[PDB]
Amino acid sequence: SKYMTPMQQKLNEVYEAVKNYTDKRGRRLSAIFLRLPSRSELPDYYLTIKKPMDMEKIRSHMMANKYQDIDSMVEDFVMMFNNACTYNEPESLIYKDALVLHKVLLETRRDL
């Protein structure tokens, strides 16, 4: 087992910022984003969304050293939040959490 490369460390910092973000009430907005439900459980997502994405897929790719740069991981998160905001309506909580975590993601990015 190798120690994470310098790029994996920067990737991990972006990942953790999104994962660990809590609002003023202590709610961890990433909770619902960690693992997509199954096709059986959320069939309409799978009919609507061309490229499924969850944080577990991203974490696994990160830990495999498969991201070539920071922006490739950012793209996957952006895809995830866009999927969420396409499938769900602006009035839903998951939509608004996505917008908040999308902001958190870009802020973390700007600061690298």
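One rule holds for the numbers: they count along the sequence shown, beginning at 1. The term rigid core refers to the maximal set of C-alpha atoms that superpose within 1.5 Å between the two forms.
> Which stretch is less alike in 8 other deposited structures of this protein, 69-77 or 38-46, counting RMS CA distance after the rigid core is superposed?
It is 38-46 that deviates more in 8 other deposited structures of this protein.
> Figure out for me whether 6-14 or 92-100 is the more displaced stretch in 8 other deposited structures of this protein, taking RMS C-alpha distance from the shown form once the rigid core is superposed.
Farther on average in 8 other deposited structures of this protein: 6-14.
> With respect to the recorded C-alpha B factors, which stretch has the higher mean value, 34-42 or 51-59?
Higher mean C-alpha B-factor in the PDB entry: 34-42.
> Taking the recorded C-alpha temperature factors, which stretch has the higher mean, 87-95 or 9-17?
Higher mean C-alpha B-factor: 87-95.
> Taking only the Cα B-factors deposited for this chain, tell me whether residue 71 sits in the lowest, middle or highest third.
Answer is middle: the recorded C-alpha B-factor places it there.
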